[PDB]
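Since the structure comes first, as structure tokens, the remarks are kept for the end.
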């Protein structure tokens, strides 16, 4: 078991773009069409501003609307920064819906509703 210590080899994985894998859980089940997202750097945005556009994307694949999510028993997602930090917040209660953040610090996120 030996890995590169200095150099390795050339790579072309969305070089220049910020990729961020997204996950979701339903009743304990894991998504099957999981994928990654891309966004610009050095830019701030409102959590509610983005989520508003994301909800329309997840509602089309999950079929869950603002009325359905309300019927859910629980809704929480964990956020993972690029530094390796972790913060789980309930979707039902947007505490950052009135805050500004950038994807440049976002590494990955996993939603959990049931």
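Taking the number of Cβ atoms within 10 Å of each Cβ as an exposure proxy, the fewest-first ranking of 58, 12 is 12, 58.
A full extension of the chain between residue 42 and residue 101 corresponds to an added length of 20.3 nm, given 0.36 nm per residue minus the alpha carbon distance.
What's the exposure ranking of 23, 35, going from fewest to most Cβ atoms within 10 Å?
Working: 23 15, 35 9.
Exposure proxy ranking, most exposed first: 35, 23.
By the beta-carbon count within 10 Å of each Cβ, the least crowded to most crowded order of 18, 33, fewest first, is 33, 18. Against the main long axis of the alpha-carbon atoms of the chain, helix 47-62 sits at an angle near 80°. Remark: spin-label model distance residue 29-residue 12 equals 3.8 nm, labels positioned 7 Å along the Cα→Cβ axis. For region 18-113, the alpha carbon convex hull comes to 101 Å³ per residue, rounded to a whole number.
Any read-out appearing in this document is the output of simple, stated calculations on the displayed coordinates, not a laboratory observation. Positions of Cβ are generated from backbone atoms using ideal geometry, with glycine treated the same way; all protein chains shown enter the neighbour counts.
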